[PDB]
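The numbers in the sequence shown follow PDB author numbering, run straight up by one, and end at 130.
Note that beta-carbon positions come from the ideal geometry of N, C-alpha and C, so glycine has one too.
One structure is given below, encoded as C-alpha coordinates.
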Amino acid sequence: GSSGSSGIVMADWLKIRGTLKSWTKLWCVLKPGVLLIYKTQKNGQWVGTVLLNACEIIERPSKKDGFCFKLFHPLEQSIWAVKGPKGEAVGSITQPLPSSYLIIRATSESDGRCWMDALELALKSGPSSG
(Lines of atoms letter the chains of each structure in order from A and count residues from 1; the text may use other names and numbers.)
(Lines give C-alpha, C1' and ligand atoms only; values in the text may rest on other atoms or scores of the structure.)
Protein backbone atom coordinates (compact mmCIF):
# COMPACT_ATOMS: atom_id res chain seq x y z
CA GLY A 1 0.00 0.00 0.00
CA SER A 2 1.25 3.43 -0.99
CA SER A 3 -0.08 5.97 1.48
CA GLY A 4 1.46 9.13 0.09
CA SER A 5 -1.40 11.61 -0.01
CA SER A 6 -3.28 11.48 -3.29
CA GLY A 7 -4.75 8.48 -5.08
CA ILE A 8 -2.35 8.81 -7.99
CA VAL A 9 0.89 6.91 -7.53
CA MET A 10 3.36 8.80 -9.68
CA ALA A 11 3.61 10.77 -12.90
CA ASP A 12 6.64 11.23 -15.13
CA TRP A 13 7.62 11.56 -18.77
CA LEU A 14 8.26 8.03 -19.96
CA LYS A 15 9.49 7.02 -23.40
CA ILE A 16 7.51 4.52 -25.44
CA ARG A 17 8.89 2.21 -28.11
CA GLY A 18 9.57 4.37 -31.15
CA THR A 19 7.46 2.47 -33.65
CA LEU A 20 7.24 5.58 -35.79
CA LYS A 21 10.95 6.32 -35.87
CA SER A 22 11.83 7.85 -32.53
CA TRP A 23 10.74 6.97 -29.01
CA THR A 24 7.71 8.99 -27.97
CA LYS A 25 7.82 10.77 -24.63
CA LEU A 26 4.23 10.52 -23.46
CA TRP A 27 2.77 11.56 -20.12
CA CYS A 28 2.19 8.34 -18.22
CA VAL A 29 0.28 8.61 -14.96
CA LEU A 30 0.71 5.87 -12.38
CA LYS A 31 -2.55 5.26 -10.56
CA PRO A 32 -3.59 2.85 -7.80
CA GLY A 33 -3.98 -0.32 -9.83
CA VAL A 34 -4.09 1.55 -13.12
CA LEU A 35 -1.93 3.59 -15.47
CA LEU A 36 -2.84 6.48 -17.74
CA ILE A 37 -1.00 7.91 -20.72
CA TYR A 38 -1.36 11.36 -22.24
CA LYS A 39 0.24 12.98 -25.26
CA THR A 40 1.24 15.82 -22.97
CA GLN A 41 0.53 17.48 -19.65
CA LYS A 42 -0.44 20.83 -21.12
CA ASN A 43 -3.39 20.03 -23.36
CA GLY A 44 -3.76 16.39 -22.37
CA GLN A 45 -5.58 14.77 -25.27
CA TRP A 46 -5.13 11.46 -23.48
CA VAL A 47 -3.83 8.41 -25.29
CA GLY A 48 -5.04 5.37 -23.39
CA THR A 49 -5.30 3.65 -20.03
CA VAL A 50 -3.58 0.53 -18.74
CA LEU A 51 -5.15 -1.84 -16.25
CA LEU A 52 -3.04 -3.50 -13.59
CA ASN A 53 -5.64 -5.90 -12.23
CA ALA A 54 -2.74 -8.28 -11.70
CA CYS A 55 0.12 -7.52 -14.04
CA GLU A 56 3.79 -8.15 -13.34
CA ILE A 57 7.10 -6.64 -14.38
CA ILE A 58 10.01 -8.51 -15.91
CA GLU A 59 12.17 -5.58 -16.93
CA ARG A 60 14.15 -5.10 -20.12
CA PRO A 61 17.19 -2.84 -19.67
CA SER A 62 18.75 -4.66 -22.59
CA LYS A 63 22.50 -4.85 -23.04
CA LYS A 64 23.16 -1.12 -23.00
CA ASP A 65 20.13 1.13 -23.18
CA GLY A 66 19.32 2.97 -19.98
CA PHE A 67 16.51 0.93 -18.48
CA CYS A 68 13.20 -0.45 -19.68
CA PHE A 69 10.66 -3.12 -18.80
CA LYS A 70 7.57 -4.97 -19.96
CA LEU A 71 4.24 -5.31 -18.18
CA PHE A 72 2.11 -8.21 -19.33
CA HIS A 73 -0.81 -10.23 -18.01
CA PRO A 74 -0.21 -13.76 -16.72
CA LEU A 75 -3.90 -14.58 -16.94
CA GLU A 76 -3.82 -13.44 -20.54
CA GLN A 77 -6.14 -10.44 -20.39
CA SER A 78 -6.63 -6.97 -21.80
CA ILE A 79 -4.27 -4.50 -20.15
CA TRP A 80 -6.39 -1.65 -21.45
CA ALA A 81 -9.35 0.17 -19.96
CA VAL A 82 -12.64 -0.09 -21.80
CA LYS A 83 -12.74 3.69 -21.66
CA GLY A 84 -10.51 6.36 -20.16
CA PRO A 85 -10.47 9.02 -17.43
CA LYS A 86 -13.60 10.85 -18.51
CA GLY A 87 -15.22 7.61 -19.61
CA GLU A 88 -14.15 7.97 -23.22
CA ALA A 89 -13.41 5.21 -25.70
CA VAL A 90 -10.25 6.97 -26.82
CA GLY A 91 -8.72 10.42 -26.66
CA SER A 92 -6.42 10.75 -29.65
CA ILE A 93 -5.34 8.55 -32.53
CA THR A 94 -1.57 8.18 -32.54
CA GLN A 95 0.95 5.41 -33.06
CA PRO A 96 -0.25 1.84 -32.48
CA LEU A 97 -0.05 0.12 -29.11
CA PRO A 98 -0.07 -3.42 -27.72
CA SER A 99 -2.89 -5.16 -25.90
CA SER A 100 -1.40 -7.75 -23.58
CA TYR A 101 2.03 -6.30 -22.92
CA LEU A 102 3.26 -2.73 -22.73
CA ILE A 103 6.82 -1.55 -23.26
CA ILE A 104 7.83 1.60 -21.41
CA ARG A 105 11.01 3.61 -21.01
CA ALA A 106 12.28 5.74 -18.15
CA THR A 107 14.97 8.39 -17.84
CA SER A 108 17.45 6.70 -15.54
CA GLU A 109 17.66 3.13 -14.29
CA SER A 110 16.48 4.51 -10.97
CA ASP A 111 13.38 6.18 -12.36
CA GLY A 112 12.47 3.09 -14.36
CA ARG A 113 13.37 0.90 -11.40
CA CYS A 114 10.89 2.93 -9.38
CA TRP A 115 8.38 2.75 -12.21
CA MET A 116 8.70 -0.97 -12.83
CA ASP A 117 8.68 -1.25 -9.06
CA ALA A 118 5.76 0.99 -8.19
CA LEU A 119 3.80 -0.67 -10.96
CA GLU A 120 4.25 -4.07 -9.37
CA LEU A 121 3.04 -2.47 -6.16
CA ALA A 122 0.20 -0.54 -7.77
CA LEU A 123 -1.32 -3.73 -9.13
CA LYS A 124 -0.49 -5.24 -5.76
CA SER A 125 -2.20 -2.24 -4.23
CA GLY A 126 -5.61 -2.70 -5.83
CA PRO A 127 -8.10 0.08 -6.58
CA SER A 128 -8.25 1.58 -3.11
CA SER A 129 -8.98 -1.59 -1.19
CA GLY A 130 -9.85 -1.93 2.48
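Cβ-Cβ separation, residue j to residue i (assumed contact under 8 Å), whole Å
i	j	result
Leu30	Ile8	7 Å
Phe72	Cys55	7 Å
7 Å Cβ shell around residue i - same chain, five flanking residues per side excluded
i	result
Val82	none
CA nearest to the CA of residue i, picked from the options
i	options	result
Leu119	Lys70, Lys64 and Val90	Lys70
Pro74	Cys68, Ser100 and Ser92	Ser100
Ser108	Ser3, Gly4, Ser5 and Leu14	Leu14
Cβ-heavy atom distance, residue i to the ligand GTP, below 7 Å
i	result
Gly44	The ligand GTP is absent from the structure shown, which contains no ligands of any kind.
Burial state of residue i (16 or more Cβ within 10 Å)
i	result
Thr19	exposed
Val90	exposed
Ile16	buried
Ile93	exposed
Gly1	exposed
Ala106	buried
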